[PDB]
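A.B. asks: Structure supplied as upload12.csv; contents: CSV, N, CA and C atoms and all ligand atoms.
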chain,number,residue,atom,x,y,z
A,1109,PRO,N,164.9,51.8,109.2
A,1109,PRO,CA,165.3,51.6,110.6
A,1109,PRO,C,166.5,52.5,110.9
A,1110,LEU,N,166.8,52.5,112.2
A,1110,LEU,CA,168.1,53.1,112.6
A,1110,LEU,C,169.3,52.3,112.0
A,1111,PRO,N,170.3,53.0,111.4
A,1111,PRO,CA,171.5,52.3,110.9
A,1111,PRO,C,172.5,51.7,111.9
A,1112,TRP,N,172.2,52.0,113.2
A,1112,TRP,CA,173.2,51.6,114.3
A,1112,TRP,C,172.4,51.8,115.6
A,1113,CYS,N,172.8,51.1,116.6
A,1113,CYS,CA,172.4,51.5,117.9
A,1113,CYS,C,173.5,51.0,118.9
A,1114,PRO,N,173.5,51.6,120.1
A,1114,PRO,CA,174.6,51.3,121.0
A,1114,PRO,C,174.5,50.0,121.7
A,1115,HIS,N,173.4,49.2,121.4
A,1115,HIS,CA,173.3,47.9,121.9
A,1115,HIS,C,173.7,46.8,121.0
A,1116,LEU,N,174.1,47.1,119.8
A,1116,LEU,CA,174.6,46.0,118.8
A,1116,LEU,C,175.8,45.2,119.5
A,1117,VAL,N,176.5,45.8,120.4
A,1117,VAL,CA,177.6,45.1,121.1
A,1117,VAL,C,177.1,43.8,121.9
A,1118,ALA,N,175.8,43.7,122.2
A,1118,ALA,CA,175.2,42.6,122.9
A,1118,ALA,C,174.7,41.5,122.0
A,1119,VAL,N,174.8,41.7,120.7
A,1119,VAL,CA,174.5,40.6,119.7
A,1119,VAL,C,175.5,39.6,119.7
A,1120,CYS,N,175.1,38.3,120.1
A,1120,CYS,CA,176.1,37.2,120.3
A,1120,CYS,C,176.1,36.3,119.1
A,1121,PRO,N,177.2,35.5,119.0
A,1121,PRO,CA,177.4,34.6,117.8
A,1121,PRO,C,176.2,33.6,117.7
A,1122,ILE,N,175.9,33.4,116.5
A,1122,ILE,CA,174.8,32.5,116.1
A,1122,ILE,C,175.1,31.1,116.5
A,1123,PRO,N,174.2,30.4,117.2
A,1123,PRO,CA,174.5,29.0,117.5
A,1123,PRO,C,174.8,28.2,116.2
A,1124,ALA,N,175.7,27.3,116.2
A,1124,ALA,CA,176.0,26.4,115.1
A,1124,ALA,C,174.8,25.5,114.8
A,1125,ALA,N,173.8,25.3,115.7
A,1125,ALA,CA,172.6,24.6,115.4
A,1125,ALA,C,171.7,25.4,114.4
A,1126,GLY,N,172.0,26.7,114.3
A,1126,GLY,CA,171.3,27.6,113.4
A,1126,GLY,C,170.0,28.0,114.2
A,1127,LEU,N,169.1,28.6,113.4
A,1127,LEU,CA,167.8,29.1,113.9
A,1127,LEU,C,166.7,28.3,113.4
A,1128,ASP,N,165.6,28.2,114.1
A,1128,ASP,CA,164.4,27.5,113.7
A,1128,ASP,C,163.2,28.5,113.8
A,1129,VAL,N,162.8,29.0,112.7
A,1129,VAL,CA,161.9,30.1,112.6
A,1129,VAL,C,160.5,29.6,113.0
A,1130,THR,N,160.3,28.2,113.1
A,1130,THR,CA,159.0,27.7,113.6
A,1130,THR,C,159.0,27.3,115.0
A,1131,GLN,N,160.1,27.6,115.7
A,1131,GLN,CA,160.2,27.3,117.2
A,1131,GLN,C,159.1,28.0,117.9
A,1132,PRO,N,158.4,27.3,118.9
A,1132,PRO,CA,157.4,28.0,119.6
A,1132,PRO,C,157.9,28.8,120.8
A,1133,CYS,N,157.1,29.6,121.4
A,1133,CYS,CA,157.4,30.4,122.5
A,1133,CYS,C,157.9,29.5,123.7
A,1134,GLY,N,159.0,29.9,124.3
A,1134,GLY,CA,159.6,29.1,125.4
A,1134,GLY,C,158.7,29.1,126.6
A,1135,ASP,N,157.9,30.1,126.8
A,1135,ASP,CA,157.0,30.1,128.0
A,1135,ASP,C,155.6,29.5,127.6
A,1136,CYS,N,154.9,30.0,126.7
A,1136,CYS,CA,153.4,29.6,126.5
A,1136,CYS,C,153.3,28.6,125.4
A,1137,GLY,N,154.3,28.3,124.6
A,1137,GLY,CA,154.2,27.3,123.5
A,1137,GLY,C,153.5,27.8,122.3
A,1138,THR,N,153.1,29.1,122.2
A,1138,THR,CA,152.4,29.6,121.0
A,1138,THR,C,153.3,29.5,119.7
A,1139,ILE,N,152.7,29.1,118.6
A,1139,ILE,CA,153.4,29.1,117.3
A,1139,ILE,C,153.4,30.5,116.7
A,1140,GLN,N,152.6,31.5,117.3
A,1140,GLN,CA,152.3,32.8,116.6
A,1140,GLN,C,153.3,33.8,117.1
A,1141,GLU,N,153.8,34.6,116.1
A,1141,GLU,CA,154.5,35.9,116.3
A,1141,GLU,C,155.6,35.8,117.3
A,1142,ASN,N,156.4,34.7,117.1
A,1142,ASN,CA,157.6,34.6,117.9
A,1142,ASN,C,158.8,35.4,117.4
A,1143,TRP,N,159.7,35.8,118.3
A,1143,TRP,CA,160.9,36.5,118.1
A,1143,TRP,C,162.1,35.7,118.7
A,1144,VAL,N,163.3,35.9,118.3
A,1144,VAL,CA,164.5,35.2,118.9
A,1144,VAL,C,165.4,36.3,119.5
A,1145,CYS,N,165.8,36.1,120.7
A,1145,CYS,CA,166.7,37.1,121.4
A,1145,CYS,C,168.2,36.9,120.8
A,1146,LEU,N,168.7,38.0,120.3
A,1146,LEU,CA,170.0,38.0,119.6
A,1146,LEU,C,171.2,38.0,120.7
A,1147,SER,N,170.9,38.0,122.0
A,1147,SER,CA,171.9,37.7,123.0
A,1147,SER,C,172.0,36.2,123.3
A,1148,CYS,N,170.9,35.6,123.7
A,1148,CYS,CA,171.0,34.2,124.2
A,1148,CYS,C,170.1,33.2,123.4
A,1149,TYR,N,169.5,33.7,122.3
A,1149,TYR,CA,168.9,32.8,121.2
A,1149,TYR,C,167.7,32.0,121.8
A,1150,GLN,N,167.1,32.5,122.9
A,1150,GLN,CA,165.8,32.0,123.3
A,1150,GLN,C,164.7,32.6,122.5
A,1151,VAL,N,163.6,31.9,122.3
A,1151,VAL,CA,162.5,32.3,121.5
A,1151,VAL,C,161.2,32.5,122.3
A,1152,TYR,N,160.6,33.7,122.2
A,1152,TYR,CA,159.5,34.1,123.0
A,1152,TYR,C,158.5,34.9,122.1
A,1153,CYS,N,157.2,34.9,122.5
A,1153,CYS,CA,156.2,35.5,121.6
A,1153,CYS,C,156.2,37.1,121.8
A,1154,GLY,N,155.7,37.7,120.7
A,1154,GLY,CA,155.5,39.1,120.6
A,1154,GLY,C,154.5,39.7,121.5
A,1155,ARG,N,154.5,41.0,121.6
A,1155,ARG,CA,153.6,41.7,122.5
A,1155,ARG,C,152.1,41.6,122.1
A,1156,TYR,N,151.8,41.3,120.9
A,1156,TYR,CA,150.4,41.2,120.5
A,1156,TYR,C,149.8,39.8,120.8
A,1157,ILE,N,150.7,38.8,121.2
A,1157,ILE,CA,150.3,37.5,121.7
A,1157,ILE,C,150.3,37.5,123.2
A,1158,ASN,N,151.3,37.1,123.9
A,1158,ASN,CA,151.4,37.0,125.3
A,1158,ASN,C,152.5,37.8,125.9
A,1159,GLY,N,153.3,38.5,125.0
A,1159,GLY,CA,154.3,39.4,125.5
A,1159,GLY,C,155.5,38.7,126.2
A,1160,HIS,N,155.8,37.5,125.9
A,1160,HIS,CA,156.9,36.8,126.6
A,1160,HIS,C,158.3,37.3,126.2
A,1161,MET,N,158.4,37.8,125.0
A,1161,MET,CA,159.8,38.4,124.7
A,1161,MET,C,160.0,39.7,125.4
A,1162,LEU,N,158.9,40.5,125.6
A,1162,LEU,CA,159.0,41.8,126.4
A,1162,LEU,C,159.3,41.4,127.8
A,1163,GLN,N,158.7,40.4,128.3
A,1163,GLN,CA,159.0,39.9,129.7
A,1163,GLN,C,160.5,39.4,129.8
A,1164,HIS,N,161.0,38.7,128.8
A,1164,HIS,CA,162.4,38.3,128.7
A,1164,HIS,C,163.3,39.5,128.8
A,1165,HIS,N,163.0,40.5,128.0
A,1165,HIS,CA,163.8,41.7,128.0
A,1165,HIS,C,163.8,42.3,129.5
A,1166,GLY,N,162.7,42.3,130.1
A,1166,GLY,CA,162.6,42.9,131.4
A,1166,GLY,C,163.4,42.2,132.4
A,1167,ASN,N,163.5,40.8,132.3
A,1167,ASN,CA,164.2,40.1,133.4
A,1167,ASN,C,165.6,39.7,133.0
A,1168,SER,N,166.1,40.0,131.8
A,1168,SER,CA,167.4,39.8,131.3
A,1168,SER,C,168.2,41.1,131.0
A,1169,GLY,N,167.5,42.1,130.6
A,1169,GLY,CA,168.1,43.3,130.0
A,1169,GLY,C,168.5,43.2,128.6
A,1170,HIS,N,168.4,42.0,128.0
A,1170,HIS,CA,168.8,41.8,126.6
A,1170,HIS,C,168.1,42.7,125.6
A,1171,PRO,N,168.9,43.4,124.8
A,1171,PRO,CA,168.3,44.6,124.0
A,1171,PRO,C,167.6,44.2,122.7
A,1172,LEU,N,168.1,43.3,121.9
A,1172,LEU,CA,167.8,43.2,120.5
A,1172,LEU,C,167.2,41.8,120.2
A,1173,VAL,N,166.1,41.9,119.5
A,1173,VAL,CA,165.3,40.7,119.2
A,1173,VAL,C,164.9,40.7,117.7
A,1174,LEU,N,164.9,39.5,117.1
A,1174,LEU,CA,164.6,39.4,115.7
A,1174,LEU,C,163.2,38.7,115.5
A,1175,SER,N,162.4,39.3,114.7
A,1175,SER,CA,161.1,38.8,114.3
A,1175,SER,C,161.1,37.6,113.4
A,1176,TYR,N,160.5,36.5,113.7
A,1176,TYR,CA,160.4,35.4,112.7
A,1176,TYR,C,159.3,35.7,111.7
A,1177,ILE,N,158.5,36.7,111.9
A,1177,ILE,CA,157.5,37.1,110.9
A,1177,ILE,C,158.1,37.8,109.7
A,1178,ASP,N,159.0,38.8,109.9
A,1178,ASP,CA,159.5,39.7,108.8
A,1178,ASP,C,161.0,39.9,108.9
A,1179,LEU,N,161.7,39.3,109.9
A,1179,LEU,CA,163.2,39.4,110.0
A,1179,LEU,C,163.6,40.8,110.3
A,1180,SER,N,162.8,41.7,110.9
A,1180,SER,CA,163.1,43.0,111.4
A,1180,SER,C,163.7,42.7,112.8
A,1181,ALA,N,164.7,43.6,113.2
A,1181,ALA,CA,165.3,43.6,114.6
A,1181,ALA,C,164.9,44.8,115.3
A,1182,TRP,N,164.4,44.6,116.5
A,1182,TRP,CA,163.8,45.6,117.4
A,1182,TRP,C,164.8,45.8,118.6
A,1183,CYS,N,165.1,47.0,119.0
A,1183,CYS,CA,165.8,47.3,120.2
A,1183,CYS,C,164.9,47.8,121.2
A,1184,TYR,N,164.8,47.1,122.3
A,1184,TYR,CA,163.8,47.6,123.4
A,1184,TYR,C,164.2,48.9,124.0
A,1185,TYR,N,165.5,49.1,124.2
A,1185,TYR,CA,166.0,50.3,124.8
A,1185,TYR,C,165.8,51.5,123.9
A,1186,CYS,N,166.2,51.4,122.6
A,1186,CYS,CA,166.1,52.5,121.6
A,1186,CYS,C,164.6,52.6,121.2
A,1187,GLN,N,163.8,51.6,121.4
A,1187,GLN,CA,162.3,51.6,121.0
A,1187,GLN,C,162.2,51.9,119.5
A,1188,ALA,N,163.0,51.2,118.8
A,1188,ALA,CA,163.2,51.3,117.3
A,1188,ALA,C,163.7,50.1,116.7
A,1189,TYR,N,163.4,50.0,115.4
A,1189,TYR,CA,164.1,48.9,114.6
A,1189,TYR,C,165.5,49.4,114.2
A,1190,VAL,N,166.4,48.4,114.1
A,1190,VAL,CA,167.8,48.7,113.9
A,1190,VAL,C,168.2,47.7,112.8
A,1191,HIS,N,169.0,48.2,111.8
A,1191,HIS,CA,169.6,47.3,110.8
A,1191,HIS,C,171.0,47.8,110.6
A,1192,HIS,N,171.9,46.8,110.7
A,1192,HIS,CA,173.4,47.1,110.5
A,1192,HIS,C,174.0,45.9,109.9
A,1193,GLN,N,175.2,46.1,109.4
A,1193,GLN,CA,176.0,45.0,108.8
A,1193,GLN,C,176.1,43.9,109.8
A,1194,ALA,N,176.2,44.1,111.1
A,1194,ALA,CA,176.4,43.1,112.2
A,1194,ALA,C,175.2,42.2,112.4
A,1195,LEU,N,174.0,42.6,111.8
A,1195,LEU,CA,172.8,41.7,111.9
A,1195,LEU,C,172.6,40.9,110.6
A,1196,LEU,N,173.4,41.1,109.5
A,1196,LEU,CA,173.2,40.4,108.2
A,1196,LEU,C,173.3,38.9,108.4
A,1197,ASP,N,174.3,38.4,109.2
A,1197,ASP,CA,174.5,36.9,109.3
A,1197,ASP,C,173.3,36.3,109.9
A,1198,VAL,N,172.8,36.8,111.0
A,1198,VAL,CA,171.6,36.2,111.7
A,1198,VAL,C,170.4,36.3,110.8
A,1199,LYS,N,170.2,37.5,110.1
A,1199,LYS,CA,169.0,37.6,109.2
A,1199,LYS,C,169.1,36.6,108.1
A,1200,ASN,N,170.3,36.5,107.5
A,1200,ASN,CA,170.5,35.6,106.4
A,1200,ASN,C,170.2,34.1,106.8
A,1201,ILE,N,170.7,33.7,108.0
A,1201,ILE,CA,170.4,32.3,108.5
A,1201,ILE,C,168.9,32.2,108.7
A,1202,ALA,N,168.3,33.2,109.3
A,1202,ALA,CA,166.8,33.1,109.5
A,1202,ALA,C,166.1,33.0,108.2
A,1203,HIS,N,166.5,33.8,107.2
A,1203,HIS,CA,165.8,33.9,105.9
A,1203,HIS,C,165.9,32.5,105.2
A,1204,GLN,N,167.1,31.9,105.3
A,1204,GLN,CA,167.4,30.6,104.6
A,1204,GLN,C,166.5,29.6,105.3
A,1205,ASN,N,166.3,29.6,106.6
A,1205,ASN,CA,165.5,28.6,107.3
A,1205,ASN,C,164.0,28.8,107.0
A,1206,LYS,N,163.6,30.1,106.9
A,1206,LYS,CA,162.1,30.4,106.7
A,1206,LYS,C,161.8,30.1,105.2
A,1207,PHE,N,162.6,30.4,104.2
A,1207,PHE,CA,162.2,30.4,102.8
A,1207,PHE,C,163.2,29.4,102.0
L,1301,LIG,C1,155.3,44.7,115.0
L,1301,LIG,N1,156.5,45.2,115.7
L,1301,LIG,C2,156.5,45.6,116.9
L,1301,LIG,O1,155.6,45.3,117.7
L,1301,LIG,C3,157.8,46.2,117.5
L,1301,LIG,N2,157.7,46.4,118.9
L,1301,LIG,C4,158.1,45.4,119.8
L,1301,LIG,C5,158.7,44.1,119.2
L,1301,LIG,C6,159.0,43.0,120.2
L,1301,LIG,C7,157.8,42.5,120.9
L,1301,LIG,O2,156.7,42.4,120.4
L,1301,LIG,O3,158.1,42.1,122.1
L,1301,LIG,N3,158.1,45.5,121.1
L,1301,LIG,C8,157.6,46.7,121.6
L,1301,LIG,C9,157.5,46.7,123.0
L,1301,LIG,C10,157.0,47.9,123.6
L,1301,LIG,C11,156.5,48.9,122.8
L,1301,LIG,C12,156.6,48.9,121.4
L,1301,LIG,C13,157.2,47.7,120.8
L,1301,LIG,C14,157.2,47.6,119.4
L,1301,LIG,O4,156.7,48.4,118.6
L,1302,ZN,ZN,154.5,33.3,124.9
L,1303,ZN,ZN,167.9,37.0,125.8
L,1304,ZN,ZN,169.6,50.0,121.1
With the file now loaded, output its structure as structure tokens.
C.D. replies:
Amino acid sequence: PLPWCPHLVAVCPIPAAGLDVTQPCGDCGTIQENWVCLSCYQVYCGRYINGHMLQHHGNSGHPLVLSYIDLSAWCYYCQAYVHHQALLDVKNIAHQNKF
């Protein structure tokens, strides 16, 4: 992945409730291929399901989303995966909830 991107500044603190990697899409309710927004921690489906996270990006501008399938982080602006020290806490919390 990219080792940095200029949107990591928009990654917000993890809610104290933690993450729920089985949370369904906030729009369509699908259990499949959901992502969590690393700005506001809403959960929406991937582009191969109904594209609600892509829609969320379009109407919020929020840059970085984490996959509940493989804990990769995508930046919609950079059109790339990004991994940095600043993402370890949220990935670690997701990994603990998933496994
Ligand atoms: C399996 N990983 C992905 O699909 C990564 N990804 C993603 C991930 C986030 C998503 O599916 O909304 N979004 C894109 C949006 C427009 C264009 C490309 C992409 C993109 O390649
Ligand atoms: Zn959806
Ligand atoms: Zn968001
Ligand atoms: Zn970026």
A.B. asks: For the helix (DSSP H, G or I) assignment from backbone DSSP, which residues of chain A qualify? Please present them as a list in words.
C.D. replies: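 Filtering chain A to helix (DSSP H, G or I) leaves residues 1116, 1117, 1118, 1160, 1161, 1162, 1163, 1164, 1165, 1166, 1167, 1168, 1193, 1194, 1195, 1196, 1197, 1198, 1199, 1200, 1201, 1202, 1203, 1204, 1205 and 1206 of chain A.
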A.B. asks: Give me, as a PyMOL selection string, the set of residues whose atoms come within 5 Å of any atom of ligand ZN 1304 (chain L), counting only N, CA and C atoms and all ligand atoms.
C.D. replies: chain A and resi 1113-1115+1183+1185-1186
A.B. asks: Output the selection as a PDB file, in the coordinates of the input - N, CA and C atoms for each residue.
C.D. replies:
ATOM      1  N   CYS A1113     172.800  51.100 116.600  1.00  0.00           N
ATOM      2  CA  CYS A1113     172.400  51.500 117.900  1.00  0.00           C
ATOM      3  C   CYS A1113     173.500  51.000 118.900  1.00  0.00           C
ATOM      4  N   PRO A1114     173.500  51.600 120.100  1.00  0.00           N
ATOM      5  CA  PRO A1114     174.600  51.300 121.000  1.00  0.00           C
ATOM      6  C   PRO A1114     174.500  50.000 121.700  1.00  0.00           C
ATOM      7  N   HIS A1115     173.400  49.200 121.400  1.00  0.00           N
ATOM      8  CA  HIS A1115     173.300  47.900 121.900  1.00  0.00           C
ATOM      9  C   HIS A1115     173.700  46.800 121.000  1.00  0.00           C
ATOM     10  N   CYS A1183     165.100  47.000 119.000  1.00  0.00           N
ATOM     11  CA  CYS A1183     165.800  47.300 120.200  1.00  0.00           C
ATOM     12  C   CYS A1183     164.900  47.800 121.200  1.00  0.00           C
ATOM     13  N   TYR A1185     165.500  49.100 124.200  1.00  0.00           N
ATOM     14  CA  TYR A1185     166.000  50.300 124.800  1.00  0.00           C
ATOM     15  C   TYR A1185     165.800  51.500 123.900  1.00  0.00           C
ATOM     16  N   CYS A1186     166.200  51.400 122.600  1.00  0.00           N
ATOM     17  CA  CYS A1186     166.100  52.500 121.600  1.00  0.00           C
ATOM     18  C   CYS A1186     164.600  52.600 121.200  1.00  0.00           C
TER      19      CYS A1186
END
A.B. asks: Interatomic distance between atom C of residue 1199 in chain A and atom C of residue 1135 in chain A?
C.D. replies: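 Value for the atom C of residue 1199 in chain A-atom C of residue 1135 in chain A distance: 24.8 Å.
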A.B. asks: Find, counting only C-alpha atoms, the residue in A:1201, A:1122, A:1194, A:1177 that gets nearest to residue 1150 in chain A.
C.D. replies: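 The closest residue to residue 1150 in chain A is A:1122.
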A.B. asks: My list of candidates is A:1146, A:1124, A:1110, A:1157. Which is closest to residue 1190 in chain A when distances are computed with all atoms listed in the file?
C.D. replies: A:1110
A.B. asks: Using only C-alpha atoms and all ligand atoms, which protein or nucleic acid residues are at most 12 Å from ligand ZN 1302 (chain L), as a PDB file with N, CA and C atoms, in the coordinates of the input?
C.D. replies:
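What follows is the written file part-v2.pdb:
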ATOM      1  N   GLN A1131     160.100  27.600 115.700  1.00  0.00           N
ATOM      2  CA  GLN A1131     160.200  27.300 117.200  1.00  0.00           C
ATOM      3  C   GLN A1131     159.100  28.000 117.900  1.00  0.00           C
ATOM      4  N   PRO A1132     158.400  27.300 118.900  1.00  0.00           N
ATOM      5  CA  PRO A1132     157.400  28.000 119.600  1.00  0.00           C
ATOM      6  C   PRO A1132     157.900  28.800 120.800  1.00  0.00           C
ATOM      7  N   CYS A1133     157.100  29.600 121.400  1.00  0.00           N
ATOM      8  CA  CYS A1133     157.400  30.400 122.500  1.00  0.00           C
ATOM      9  C   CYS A1133     157.900  29.500 123.700  1.00  0.00           C
ATOM     10  N   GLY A1134     159.000  29.900 124.300  1.00  0.00           N
ATOM     11  CA  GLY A1134     159.600  29.100 125.400  1.00  0.00           C
ATOM     12  C   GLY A1134     158.700  29.100 126.600  1.00  0.00           C
ATOM     13  N   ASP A1135     157.900  30.100 126.800  1.00  0.00           N
ATOM     14  CA  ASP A1135     157.000  30.100 128.000  1.00  0.00           C
ATOM     15  C   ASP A1135     155.600  29.500 127.600  1.00  0.00           C
ATOM     16  N   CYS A1136     154.900  30.000 126.700  1.00  0.00           N
ATOM     17  CA  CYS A1136     153.400  29.600 126.500  1.00  0.00           C
ATOM     18  C   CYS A1136     153.300  28.600 125.400  1.00  0.00           C
ATOM     19  N   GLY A1137     154.300  28.300 124.600  1.00  0.00           N
ATOM     20  CA  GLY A1137     154.200  27.300 123.500  1.00  0.00           C
ATOM     21  C   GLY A1137     153.500  27.800 122.300  1.00  0.00           C
ATOM     22  N   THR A1138     153.100  29.100 122.200  1.00  0.00           N
ATOM     23  CA  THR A1138     152.400  29.600 121.000  1.00  0.00           C
ATOM     24  C   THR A1138     153.300  29.500 119.700  1.00  0.00           C
ATOM     25  N   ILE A1139     152.700  29.100 118.600  1.00  0.00           N
ATOM     26  CA  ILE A1139     153.400  29.100 117.300  1.00  0.00           C
ATOM     27  C   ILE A1139     153.400  30.500 116.700  1.00  0.00           C
ATOM     28  N   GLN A1140     152.600  31.500 117.300  1.00  0.00           N
ATOM     29  CA  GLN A1140     152.300  32.800 116.600  1.00  0.00           C
ATOM     30  C   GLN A1140     153.300  33.800 117.100  1.00  0.00           C
ATOM     31  N   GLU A1141     153.800  34.600 116.100  1.00  0.00           N
ATOM     32  CA  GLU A1141     154.500  35.900 116.300  1.00  0.00           C
ATOM     33  C   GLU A1141     155.600  35.800 117.300  1.00  0.00           C
ATOM     34  N   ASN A1142     156.400  34.700 117.100  1.00  0.00           N
ATOM     35  CA  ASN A1142     157.600  34.600 117.900  1.00  0.00           C
ATOM     36  C   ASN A1142     158.800  35.400 117.400  1.00  0.00           C
ATOM     37  N   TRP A1143     159.700  35.800 118.300  1.00  0.00           N
ATOM     38  CA  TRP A1143     160.900  36.500 118.100  1.00  0.00           C
ATOM     39  C   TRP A1143     162.100  35.700 118.700  1.00  0.00           C
ATOM     40  N   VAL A1144     163.300  35.900 118.300  1.00  0.00           N
ATOM     41  CA  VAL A1144     164.500  35.200 118.900  1.00  0.00           C
ATOM     42  C   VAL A1144     165.400  36.300 119.500  1.00  0.00           C
ATOM     43  N   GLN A1150     167.100  32.500 122.900  1.00  0.00           N
ATOM     44  CA  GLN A1150     165.800  32.000 123.300  1.00  0.00           C
ATOM     45  C   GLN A1150     164.700  32.600 122.500  1.00  0.00           C
ATOM     46  N   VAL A1151     163.600  31.900 122.300  1.00  0.00           N
ATOM     47  CA  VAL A1151     162.500  32.300 121.500  1.00  0.00           C
ATOM     48  C   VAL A1151     161.200  32.500 122.300  1.00  0.00           C
ATOM     49  N   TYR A1152     160.600  33.700 122.200  1.00  0.00           N
ATOM     50  CA  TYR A1152     159.500  34.100 123.000  1.00  0.00           C
ATOM     51  C   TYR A1152     158.500  34.900 122.100  1.00  0.00           C
ATOM     52  N   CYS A1153     157.200  34.900 122.500  1.00  0.00           N
ATOM     53  CA  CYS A1153     156.200  35.500 121.600  1.00  0.00           C
ATOM     54  C   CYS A1153     156.200  37.100 121.800  1.00  0.00           C
ATOM     55  N   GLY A1154     155.700  37.700 120.700  1.00  0.00           N
ATOM     56  CA  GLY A1154     155.500  39.100 120.600  1.00  0.00           C
ATOM     57  C   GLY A1154     154.500  39.700 121.500  1.00  0.00           C
ATOM     58  N   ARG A1155     154.500  41.000 121.600  1.00  0.00           N
ATOM     59  CA  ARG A1155     153.600  41.700 122.500  1.00  0.00           C
ATOM     60  C   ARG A1155     152.100  41.600 122.100  1.00  0.00           C
ATOM     61  N   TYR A1156     151.800  41.300 120.900  1.00  0.00           N
ATOM     62  CA  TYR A1156     150.400  41.200 120.500  1.00  0.00           C
ATOM     63  C   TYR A1156     149.800  39.800 120.800  1.00  0.00           C
ATOM     64  N   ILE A1157     150.700  38.800 121.200  1.00  0.00           N
ATOM     65  CA  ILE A1157     150.300  37.500 121.700  1.00  0.00           C
ATOM     66  C   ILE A1157     150.300  37.500 123.200  1.00  0.00           C
ATOM     67  N   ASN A1158     151.300  37.100 123.900  1.00  0.00           N
ATOM     68  CA  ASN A1158     151.400  37.000 125.300  1.00  0.00           C
ATOM     69  C   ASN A1158     152.500  37.800 125.900  1.00  0.00           C
ATOM     70  N   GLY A1159     153.300  38.500 125.000  1.00  0.00           N
ATOM     71  CA  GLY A1159     154.300  39.400 125.500  1.00  0.00           C
ATOM     72  C   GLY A1159     155.500  38.700 126.200  1.00  0.00           C
ATOM     73  N   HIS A1160     155.800  37.500 125.900  1.00  0.00           N
ATOM     74  CA  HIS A1160     156.900  36.800 126.600  1.00  0.00           C
ATOM     75  C   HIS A1160     158.300  37.300 126.200  1.00  0.00           C
ATOM     76  N   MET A1161     158.400  37.800 125.000  1.00  0.00           N
ATOM     77  CA  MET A1161     159.800  38.400 124.700  1.00  0.00           C
ATOM     78  C   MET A1161     160.000  39.700 125.400  1.00  0.00           C
ATOM     79  N   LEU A1162     158.900  40.500 125.600  1.00  0.00           N
ATOM     80  CA  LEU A1162     159.000  41.800 126.400  1.00  0.00           C
ATOM     81  C   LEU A1162     159.300  41.400 127.800  1.00  0.00           C
ATOM     82  N   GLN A1163     158.700  40.400 128.300  1.00  0.00           N
ATOM     83  CA  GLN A1163     159.000  39.900 129.700  1.00  0.00           C
ATOM     84  C   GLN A1163     160.500  39.400 129.800  1.00  0.00           C
ATOM     85  N   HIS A1164     161.000  38.700 128.800  1.00  0.00           N
ATOM     86  CA  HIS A1164     162.400  38.300 128.700  1.00  0.00           C
ATOM     87  C   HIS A1164     163.300  39.500 128.800  1.00  0.00           C
TER      88      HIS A1164
END
A.B. asks: Skipping near chain neighbours, those fewer than 2 positions away, what residues fall within 9 Å of residue 1120 in chain A using only C-alpha atoms, listed as a PyMOL selection string?
C.D. replies: chain A and resi 1117-1118+1122-1123+1146-1149
A.B. asks: Between A:1171, A:1112, A:1184, A:1119, which residue has the minimum interatomic distance to ligand LIG 1301 (chain L), considering only C-alpha atoms and all ligand atoms?
C.D. replies: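 Using only C-alpha atoms and all ligand atoms, the shortest distance to ligand LIG 1301 (chain L) belongs to A:1184.
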A.B. asks: Can you find the residues with an atom no farther than 7 Å from (163.5, 30.2, 114.7), counting all atoms listed in the file, and report them as a PDB file with N, CA and C atoms, in the frame of the given file?
C.D. replies:
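Heads up, here's the output in point_4.pdb:
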ATOM      1  N   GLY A1126     172.000  26.700 114.300  1.00  0.00           N
ATOM      2  CA  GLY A1126     171.300  27.600 113.400  1.00  0.00           C
ATOM      3  C   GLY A1126     170.000  28.000 114.200  1.00  0.00           C
ATOM      4  N   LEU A1127     169.100  28.600 113.400  1.00  0.00           N
ATOM      5  CA  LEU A1127     167.800  29.100 113.900  1.00  0.00           C
ATOM      6  C   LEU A1127     166.700  28.300 113.400  1.00  0.00           C
ATOM      7  N   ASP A1128     165.600  28.200 114.100  1.00  0.00           N
ATOM      8  CA  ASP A1128     164.400  27.500 113.700  1.00  0.00           C
ATOM      9  C   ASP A1128     163.200  28.500 113.800  1.00  0.00           C
ATOM     10  N   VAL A1129     162.800  29.000 112.700  1.00  0.00           N
ATOM     11  CA  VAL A1129     161.900  30.100 112.600  1.00  0.00           C
ATOM     12  C   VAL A1129     160.500  29.600 113.000  1.00  0.00           C
ATOM     13  N   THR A1130     160.300  28.200 113.100  1.00  0.00           N
ATOM     14  CA  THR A1130     159.000  27.700 113.600  1.00  0.00           C
ATOM     15  C   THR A1130     159.000  27.300 115.000  1.00  0.00           C
ATOM     16  N   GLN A1131     160.100  27.600 115.700  1.00  0.00           N
ATOM     17  CA  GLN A1131     160.200  27.300 117.200  1.00  0.00           C
ATOM     18  C   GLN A1131     159.100  28.000 117.900  1.00  0.00           C
ATOM     19  N   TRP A1143     159.700  35.800 118.300  1.00  0.00           N
ATOM     20  CA  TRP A1143     160.900  36.500 118.100  1.00  0.00           C
ATOM     21  C   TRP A1143     162.100  35.700 118.700  1.00  0.00           C
ATOM     22  N   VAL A1144     163.300  35.900 118.300  1.00  0.00           N
ATOM     23  CA  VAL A1144     164.500  35.200 118.900  1.00  0.00           C
ATOM     24  C   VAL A1144     165.400  36.300 119.500  1.00  0.00           C
ATOM     25  N   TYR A1176     160.500  36.500 113.700  1.00  0.00           N
ATOM     26  CA  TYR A1176     160.400  35.400 112.700  1.00  0.00           C
ATOM     27  C   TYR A1176     159.300  35.700 111.700  1.00  0.00           C
ATOM     28  N   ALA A1202     168.300  33.200 109.300  1.00  0.00           N
ATOM     29  CA  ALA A1202     166.800  33.100 109.500  1.00  0.00           C
ATOM     30  C   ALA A1202     166.100  33.000 108.200  1.00  0.00           C
TER      31      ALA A1202
END
A.B. asks: I'd like the interatomic distance between atom N of residue 1109 in chain A and atom N of residue 1191 in chain A, to a tenth of an Å.
C.D. replies: 6.0 Å
A.B. asks: Nearest to ligand ZN 1303 (chain L) among A:1116, A:1172, A:1181, A:1188, with distances taken over all atoms listed in the file: which residue is it?
C.D. replies: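 Checking each of A:1116, A:1172, A:1181, A:1188 against ligand ZN 1303 (chain L), counting all atoms listed in the file, the winner is A:1172.
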